[PDB]
There are 2 protein chains.
Amino acid sequence: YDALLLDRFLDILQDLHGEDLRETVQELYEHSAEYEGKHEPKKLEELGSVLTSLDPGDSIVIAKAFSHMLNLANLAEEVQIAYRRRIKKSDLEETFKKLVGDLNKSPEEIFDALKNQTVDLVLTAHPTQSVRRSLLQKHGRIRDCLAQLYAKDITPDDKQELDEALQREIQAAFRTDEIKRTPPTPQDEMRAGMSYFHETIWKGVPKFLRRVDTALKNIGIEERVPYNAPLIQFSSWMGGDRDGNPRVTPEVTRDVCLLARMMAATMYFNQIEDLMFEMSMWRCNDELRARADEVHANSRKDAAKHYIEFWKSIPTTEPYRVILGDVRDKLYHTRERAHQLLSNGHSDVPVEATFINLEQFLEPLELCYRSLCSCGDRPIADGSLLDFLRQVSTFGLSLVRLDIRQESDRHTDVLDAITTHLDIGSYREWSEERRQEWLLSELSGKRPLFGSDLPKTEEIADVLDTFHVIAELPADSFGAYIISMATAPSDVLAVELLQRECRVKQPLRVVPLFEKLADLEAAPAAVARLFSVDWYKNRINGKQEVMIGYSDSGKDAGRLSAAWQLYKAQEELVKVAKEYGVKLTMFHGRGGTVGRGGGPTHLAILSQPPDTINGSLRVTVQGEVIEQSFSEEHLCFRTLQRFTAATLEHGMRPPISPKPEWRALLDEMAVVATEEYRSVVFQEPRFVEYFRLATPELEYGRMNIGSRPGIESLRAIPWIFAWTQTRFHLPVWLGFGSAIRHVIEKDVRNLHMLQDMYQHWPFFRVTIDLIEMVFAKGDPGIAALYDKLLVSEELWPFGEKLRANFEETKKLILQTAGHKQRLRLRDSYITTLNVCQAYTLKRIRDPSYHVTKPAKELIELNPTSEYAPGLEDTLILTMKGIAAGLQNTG
Amino acid sequence: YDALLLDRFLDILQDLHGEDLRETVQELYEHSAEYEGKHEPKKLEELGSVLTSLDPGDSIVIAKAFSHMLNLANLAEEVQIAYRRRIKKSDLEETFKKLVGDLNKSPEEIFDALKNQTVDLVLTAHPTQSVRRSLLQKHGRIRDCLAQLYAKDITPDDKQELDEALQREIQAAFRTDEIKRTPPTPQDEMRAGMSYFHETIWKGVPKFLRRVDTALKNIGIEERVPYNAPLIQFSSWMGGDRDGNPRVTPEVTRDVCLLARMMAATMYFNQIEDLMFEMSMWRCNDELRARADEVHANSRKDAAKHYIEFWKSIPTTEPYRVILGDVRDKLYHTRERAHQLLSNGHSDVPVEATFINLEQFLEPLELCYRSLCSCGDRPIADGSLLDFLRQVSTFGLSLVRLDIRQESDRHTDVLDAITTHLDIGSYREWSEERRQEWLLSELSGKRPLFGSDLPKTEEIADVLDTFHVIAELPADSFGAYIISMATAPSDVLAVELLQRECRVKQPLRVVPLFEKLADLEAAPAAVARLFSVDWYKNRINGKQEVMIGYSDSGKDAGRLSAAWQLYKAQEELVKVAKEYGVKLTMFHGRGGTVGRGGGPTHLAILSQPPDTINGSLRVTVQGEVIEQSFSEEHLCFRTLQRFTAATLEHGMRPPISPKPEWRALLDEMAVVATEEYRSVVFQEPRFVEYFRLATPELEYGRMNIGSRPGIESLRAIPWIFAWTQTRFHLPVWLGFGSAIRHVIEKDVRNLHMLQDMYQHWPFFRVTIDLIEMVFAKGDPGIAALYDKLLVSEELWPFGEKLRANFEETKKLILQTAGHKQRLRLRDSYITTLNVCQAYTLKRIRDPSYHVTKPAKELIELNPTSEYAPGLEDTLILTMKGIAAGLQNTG
């Protein structure tokens with residue numbers, strides 16, 4: 001069945017570029033097969049020899065070919081998983097049954113805990129989505145075709161028409177330029193994020209809640225999940241996160257907020273007419289009777305011809321139609337208003353004619369529900385009306401609440417300008433104590449601070465104008481104000497002051513972001529110091545949110561040390577919040593790759609310390625993970641399934657708390673790990689030199705994924721990207737070798753204690769299992785090839801030292817997990833792209849192959865390329881395809 | 001499996017009204033089962049005895065119960081047909097294979113004939129759709145649930161959720177008042193008609209054409225059906241037919257035209273953005289390159305924020321996106337313009353900014369197609385772009401072309417006013433010759449006729465204003481001007497003159513409607529006389545359309561005589577058109593019931609005389625048949641399948657031409673049939689008396705189906721309705737008895753010749769088989785019950801005389817067809833509703849049970865009922881349910 005895609009695609013490839021090129025692709029496939037089988041490193045050079053001969057256009061076509069074959073492999077894998085799972089006729093029903101049987105927990109406990117449980121998924125425009133959207137659509141169509149084929153209800157002509165359809169959709173994908181020729185704007189990123197709503201999420205949320213209802217009825221709970229119960233929520237960073245991204249201007253934030261609002265208004269408006277058609281009963285309460293009579297009083301006996309259906313005054317015979325007709329009116333005016341507000345700078349549509357409240361909208365629908373229940377129509381109410389209720393109470397008037405993020409130093413620049421212009425000193429030079437006292441006096445005082453005439457920089461005006469934009473817009477359109485590089489209470493209070501002073505009517509919550517290891521180590525002390533300020537603790541209203549980054553922690557220190565310190569951080573932050581009687585909700589800035597704290601979602605949730613969630617969780621979804629977890633109905637369902645099940649279990653089934661011997665052991669082990677890590681990534685003076693040569697790191701910016709224009713000073717995303725492309729995964733496994741070897745060295749019974757830890761402590765089991773997965777996706781022969789082709793003859797043994805540690809570390813990992821179904825194959829295509837990337841990198845870093853209308857062939861697609869005509873496109877294609885095969889970019 | 005619906009519904013009925021009422025329904029079901037089995041006529045009285053006891057509300061609930069059970073039976077029947085047909089893994093592929101094998105016809109002949117073949121389906125608002133739209137939606141949902149259940153890929157929770165869904169949707173249907181409490185407006189009728197487009201037809205047409213492409217490729221024709229080839233078209237009468245309907249005002253016609261136009265604009269606009277997303281290639285011709293560069297010149301470098309997607313100026317890298325982006329612009333302005341034109345009386349949107357031409361729209365899409373084909377992307381072009389092309393070239397800028405119909409006497413009134421005010425005589429009093437000469441002189445003259453100061457009546461102004469409305473609106477929004485009661489060329493020329501004189505820029509074609517038997521007999525002479533006028537023959541442009549009604553023909557004369565005369569009519573009209581070198585297309589005003597020329601569509605097409613279609617057919621779809629043939633994907637497909645296959649076969653496989661002995665035989669037989677028919681329906685002086693008592697005819701108007709406010713002088717629709725409700729079907733079989741008996745009486749070998757005719761002449765075979773079907777749906781015991789309960793003791797034997805002829809005629813029918821799978825059952829429910837209708841009719845026509853806030857029970861739903869509180873609703877429910885069970889109203 002693996003042969004199928006190969007057959008169809010290679011048929012199309014021959015129909016588009018001839019037999020010769022299809023045969024050469026087949027040869028590369030056979031050599032790669034002999035490599036992923038026999039594992040002879042000579043086969044790699046044997047393959048590269050074939051790659052050298054290729055014409056400039058032909059090499060582009062070859063990279064294209066293995067790239068699209070990898071994408072098709074991803075789609076076939078998704079289809080086979082969905083069907084192999086569906087033909088069974090963690091998991092929600094299994095989780096409930098286990099919670100009853102294992103832990104003696106009762107159904108009403110599960111229902112109660114589930115009612116008060118919340119999972120806030122926030123989508124980010126982090127530049128990790130390699131495939132352009134124009135091609136993502138084509139992928140969606142193709143997986144639709146392959147899903148309809150993998151079935152036994154095919155009627156011959158339907159199968160033939162799906163054959164023609166899949167053929168033309170493959171041809172369409174292959175006929176599009178996969179290379180973004182200009183990087184996107186923030187608005188484009190927000191569009192790409194929000195596209196999953198009016199395609200999957202919007203109908204996916206009600207379906208998921210309905211399934212939860214079914215499971216609860218399978219436990220004996222006739223009651224239903226409350227429509228207003230916030231089991232899942234969505235936030236966004238698209239257009240809000242401006243940290244290190246000057247292209248996210250205030251006007252961008254206005255744009256994305258008006259945008260999302262208009263999308264919501266449109267969706268509700270498309271729903272409301274069909275809901276009106278269904279609610280055709282004539283029985284209601286005295287309550288709904290009175291209200292419908294009220295609407296029929298001010299019924300506006302008019303033509304009302306702007307609508308298509310129900311343009312006549314709705315008779316009181318059908319009262320639900322009266323009320324929902326008013327809901328339609330306020331929806332029409334909401335949509336037209338947001339459309340004008342976005343299109344122009346203003347609208348003449350009266351605000352009293354629109355829905356301004358989150359639940360001005362909800363009130364009429366709530367009334368319809370109470371009516372249906374009172375009159376015995378609870379089944380009818382638990383249908384389209386319940387779907388609509390959940391959609392309103394989940395997506396609100398603006399599909400997602402937007403977060404704003406900014407680095408603390410910009411707020412410090414603003415405040416410094418304010419104190420200098422006020423001739424009272426320099427806020428920068430002030431100590432922490434002084435800043436706290438001053439900020440407190442201004443927060444409690446009633447006199448305005450700065451004025452119209454405050455001297456501002458483009459930066460200072462940028463942040464001040466973002467606050468004014470926040471003031472101008474509706475409060476339910478925003479989420480949290482996240483402070484990057486937060487260290488002291490003064491950083492938070494500076495934001496509270498700048499908000500109040502910029503006349504922010506309803507100021508949004510402030511949340512510090514601790515991402516570097518130094519800041520996570522001292523985070524509990526800082527949060528406690530903030531809670532110590534009574535003025536802030538009284539306004540925080542017993543609830544506080546603090547963000548915990550995962551990307552940069554494992555970059556400057558070891559991955560093991562970073563994970564362990566993260567656990568410690570969560571644990572002591574919970575201790576602080578409990579100490580101050582504040583409900584702490586922690587915001588996990590997790591990535592897609594394990595190097596940035598990624599991995600299976602339920603494993604990451606299980607690896608959190610116990611009693612740190614408590615029915616309140618907040619997790620980012622990094623760009624590419626949006627597509628990974630919401631591009632199909634089944635994917636979206638399995639996602640919300642995984643999240644809510646993991647949280648509920650972590651609430652009722654606490655993970656084991658570590659024994660003290662395991663605490664001290666992991667402290668020592670973390671010391672050894674960090675020394676081992678910084679030994680090779682910072683102490684070695686030639687390391688940065690070897691890195692910029694042996695990995696394709698420098699070329700990452702050429703993909704134009706995001707809108708954002710030494711090794712300590714680079715972003716974590718291309719850091720994990722470089723070692724993932726070369727399939728070496730250094731930042732994933734580095735410290736573990738020396739850590740384990742030192743722990744068995746110091747004591748031999750520590751081997752028995754490691755074996756003890758792997759079989760009982762969830763955090764350790766997950767950590768080791770993840771490292772084992774990453775080893776299952778690695779091959780040091782690739783890094784050897786990159787060294788032999790790109791690293792100077794001098795520090796060749798350096799990489800071999802690394803290659804040593806790799807295997808050494810792997811030997812230890814399986815020794816702790818106690819290890820020693822036949823997918824493979826895709827590594828053949830991946831290998832071909834690896835060799836192509838190495839040799840292409842060699843030809844790129846040369847002088848001979850450098851630079852000193854319409855397009856009708858692939859070579860004319862890059863006319864402004866500093867490198868040789870056909871080369872740059874080939875390199876970008878290699879990165880794209882290798883990323884697709886590994887199902888991870890950075 | 002029949003027991004399933006009974007189980008589920010009766011469970012809901014008990015959950016809504018208690019065990020007692022469910023048990024009484026079960027009793028009625030058992031008595032009806034003993035009647036449809038043992039056929040004891042005592043069982044009917046045994047059942048009515050049980051019906052008498054029922055409380056006023058309970059009888060309403062019982063009629064409701066059997067009505068909804070009948071509807072569910074219809075839905076289960078449709079699902080079982082669709083699945084029983086789908087599990088085979090006439091018909092298009094079979095028709096092609098038979099055309100090749102049987103008749104030696106070649107593939108290119110089939111393709112050529114298919115290219116030049118057209119089928120114009122015109123939807124009518126004829127008041128035959130008994131079920132209100134608010135309930136039709138619920139039926140659609142229920143059949144969705146039942147279709148998803150009748151399958152073996154149910155995952156337990158999915159099956160349970162569909163259980164809950166079907167339960168709540170049944171409860172929702174049963175909780176709606178099935179009774180239209182006010183009759184609709186014409187605009188509502190047009191909405192109900194057009195709803196099938198933005199739900200089924202719009203996506204159904206491209207799918208059907210794709211299937212035709214598949215079959216052609218299964219015959220060896222790699223070529224595809226031309227996108228602009230008009231294989232199927234749609235016209236409408238909704239808002240245009242004003243014959244005897246004063247509520248269809250000119251403003252109504254304006255309304256329905258602007259309406260349909262705005263619907264089309266909206267649909268195209270929703271399609272165009274996704275099409276833009278797919279066409280992401282970069283290869284085009286020099287042609288499309290030049291045009292896309294042209295658009296990019298006037299690209300309007302602006303924000304363009306009123307759109308959601310592609311608000312940035314589209315780069316020339318993707319030229320298809322440039323062109324389709326312009327198509328999006330002109331679509332947006334088309335939609336906004338039609339929306340303002342409808343909402344207000346005017347729009348400021350410039351006409352040059354919109355699509356004004358039928359193929360100004362088509363030009364850019366045609367260019368995109370040529371581009372894709374030239375660059376080797378013909379598979380991509382034959383996908384969404386081809387679907388869109390076919391949608392444009394099939395639905396145009398206004399989903400349907402509207403017909404206008406008016407009785408000739410109104411045009412005569414207008415012209416008479418014009419000649420009297422001009423003091424030149426009285427057009428009414430003028431002979432035909434004089435009218436022809438005068439109309440001709442005015443048509444060829446250049447001086448205006450009437451002026452602003454012409455004295456007009458509300459009628460005269462009605463028709464004149466309809467012509468002005470036609471002048472104000474776009475020409476591609478209208479179809480034909482059909483003349484009711486057309487007898488002479490002067491009736492047509494009067495319309496041509498009134499059109500030209502009302503400044504109708506592009507005058508629409510005029511078409512006479514011959515529906516009464518007298519007019520069909522003399523139709524060929526009249527059409528020939530019209531073609532004799534050289535002035536008209538030169539402007540008709542070799543093409544002429546003439547309408548042929550089926551409703552009234554079988555009402556004043558026998559059904560047999562009417563059918564036979566229809567055949568003769570078509571045949572001699574073709575002779576006339578061939579004699580004048582005019583391409584004649586005939587417009588068949590067929591109904592849903594056989595009494596109005598209904599029946600299976602392919603049988604009706606086979607029963608047309610040979611060489612009378614010639615790749616041009618026009619058929620009405622009477623109100624209820626719209627739902628019957630377009631409420632589901634499968635239904636719509638089977639419909640277009642049936643029509644196009646039947647026409648193609650009737651083109652390449654001509655039916656046998658009747659032998660002359662069969663001609664004379666059918667002439668005699670028709671004489672005997674007409675005498676036998678008028679003997680009982682017009683000669684009998686007490687017949688009208690017996691009819692107004694033994695049938696529920698008088699009560700038809702109580703259903704409020706349409707917007708239209710002796711027996712010779714009634715409409716054919718309630719005429720077939722009355723004898724269909726009583727399941728006697730008098731107008732279907734009346735004359736056949738005496739006809740056949742006289743033909744075997746005059747000659748004994750005429751029995752051998754009848755046997756000869758049934759096995760070789762398609763018209764006769766279809767006629768007899770239809771009569772046999774109608775007998776398969778009849779039961780004289782019902783008519784006996786109606787007589788015994790409602791007809792006075794006096795003329796009881798009269799009905800028995802009819803009951804005699806019934807059986808006698810049936811004996812003859814099977815004697816010609818040579819006759820002597822186990823569905824039945826539904827006749828049990830139908831029988832229950834029959835008895836209920838009879839006894840309820842008896843209690844309605846009395847004095848004791850006559851008349852001398854909100855609603856919280858069924859009895860308060862009719863507060864303005866001249867009859868007893870619970871009675872009228874029960875009667876309407878009986879008519880609705882009986883109509884549903886027989887799958888025919890009138």
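Residues numbered from 1 in each chain as written, not as in the entry; some residues may be left out. Chains lettered and ligands numbered in written order. Part of a larger assembly, values for the part shown. Heavy atoms only, no water. Residues with missing side-chain atoms left out of burial classes, pairs and counts.

## Some words on the overall build of chain A
And step 1. Of regular secondary structure, chain A possesses 38 helices and eight strands.
And step 2. Whereas a compact globule of 890 residues would reach a radius of gyration of roughly 29 Å, chain A reaches 29 Å, a difference of no more than 12%.
And step 3. Dimensions of chain A, computed from the C-alpha atoms along their principal axes, are close to 85 × 75 × 65 Å. (Helix = DSSP H or I, 4+ residues; strand = E, 2+ residues; numbered from the N terminus. Rg over C-alpha atoms; globule rule 2.2 N^0.38 Å.)

## Considerations on the sheet that holds strand 8 (residues 616–622) of chain B
All names here are of chain B.
And step 1. Strand order in the closed barrel formed by eight strands is 1-2-3-4-5-6-7-8, with parallel pairing between adjacent strands. The average angle at which neighbouring strand axes cross in this sheet is 25°, direction not considered.
And step 2. Strand direction decides the pairing type here: strand 1 (residues 118–124) and strand 8, joined by seven bridges, are parallel. Bridging across to strand 8, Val-119 finds its partner in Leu-617. (Pairing = 2+ DSSP bridges. Axes fitted to C-alpha atoms, helices over the stretch in contact; angles between N-to-C directions.)

## Describing the UniProt feature "active site" in chain A
Residue and element names in this part refer to chain A.
And step 1. As annotated in UniProt, the feature "active site" corresponds to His-126 and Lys-555 in the numbering used here.
And step 2. Counting through the fold element by element, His-126 comes out in the loop between strand 1 (118–124) and helix 7 (133–149).
And step 3. Note on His-126: relative accessible area 17%, which makes it buried.
And step 4. Each residue touching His-126, except ones within four places of it in the same chain, is listed here: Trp-237, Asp-241, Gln-622 and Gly-623.
And step 5. Locating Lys-555 in the fold gives a position in helix 23 (residues 553–556).
And step 6. Filtering out sequence-adjacent residues up to four positions away, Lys-555 remains in contact with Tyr-677, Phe-682, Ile-711, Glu-712, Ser-713, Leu-714, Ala-716 and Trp-719.
And step 7. Among the polar contacts made by the side chain of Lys-555, one reaches the main-chain carbonyl oxygen of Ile-711 at a distance of 3.2 Å. (UniProt positions renumbered as here; feature names shortened; annotations may be inferred. Buried < 20%, exposed > 50% of the residue type's maximum accessible area, 1.4 Å probe, protein only. Contact = heavy atoms within 4.5 Å. Polar contact = N/O pair within 3.5 Å; in protein donor to acceptor, adjacent residues only side chain to side chain.)

## Some points on the interface of chain B and chain A
And step 1. Facing 78 residues of chain B, the contacting portion of chain A comprises 78 residues.
And step 2. Remark: the boundary between chain B and chain A carries 26 salt bridges.
And step 3. Between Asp153(A) and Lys89(B) there is a salt bridge; the shortest N-O distance is 3.5 Å.
And step 4. At the surface where chain B touches chain A, the tally comes to 52 residue pairs in polar contact.
And step 5. Taken together, the elements giving at least two residues each to the side of chain B that touches chain A come down to helix 7 (133–149), helix 8 (156–174), helix 9 (186–194), helix 10 (197–218), helix 11 (250–278), helix 12 (286–297), helix 13 (319–343) and helix 15 (378–395) of chain B.
And step 6. Of all the elements, helix 8 of chain B adds the most residues to the side of chain B that touches chain A, at eleven residues. (Salt bridge = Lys/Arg side-chain N within 4 Å of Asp/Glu carboxyl O.)

## Regarding the relation of the copies chain B and chain A
And step 1. In screw terms, the move from chain B to chain A is a rotation of 180° and a rise of 0.0 Å along the axis, fitting with an RMSD of 0.0 Å. Both chain copies can therefore be described as sitting about a two-fold axis. Minimal C-alpha separation from the rotation axis in chain B is found for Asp153(B), amounting to 4.9 Å.
And step 2. Interface overlap between copies: 100% of the residues of chain B at the interface are likewise at the interface in chain A, consistent with a symmetric, same-surface contact. (Least-squares fit on C-alpha atoms.)

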